[PDB]
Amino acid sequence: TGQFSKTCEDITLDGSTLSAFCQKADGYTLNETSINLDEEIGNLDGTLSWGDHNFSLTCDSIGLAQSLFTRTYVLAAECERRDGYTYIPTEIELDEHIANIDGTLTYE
């Protein structure tokens, strides 16, 4: 499951919306596609977490990166902890639960 980055190109982030140009089932037809990360990523006490929602409301310095050592595609931010004043850096590996299904970014 997941692994959209294997068959998607020009991966970008605007706000909380992840976009890319993804291969359709034929393996070469490209499709511009977007997916809103706020719909399935939230902030749990400073940790970006799958299955929660609306991380962007309590996280700053939001960006897309390739993780330094592993080169995994990550959503990275500084997220607010439960105490209401402490922030902590956090990364979540987007390929864990975002797939390319026939050219369309899809939660899986």
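The numbering used is simple: start at 1 and walk along the sequence shown.
Peer 1: Averaged over C-alpha atoms, is the B-factor higher for 76-84 or for 38-46 in this PDB entry?
Peer 2: Taking the mean B-factor of the alpha carbons in each, 76-84 is higher.
Peer 1: Quick check on the record: does 21-29 or 89-97 carry the larger mean Cα temperature factor?
Peer 2: Comparing 89-97 with 21-29, the higher mean C-alpha B-factor belongs to 21-29.
Peer 1: Which third, lowest, middle or highest, does the C-alpha temperature factor of residue 106 belong to within its own chain?
Peer 2: It falls in the bottom third of the chain.
Peer 1: Using the temperature factors of the C-alpha atoms in this entry, rank residue 1 within its chain: lowest, middle or highest third.
Peer 2: For residue 1, whose C-alpha B-factor we compare with every modelled residue in the chain, the answer is the highest third.
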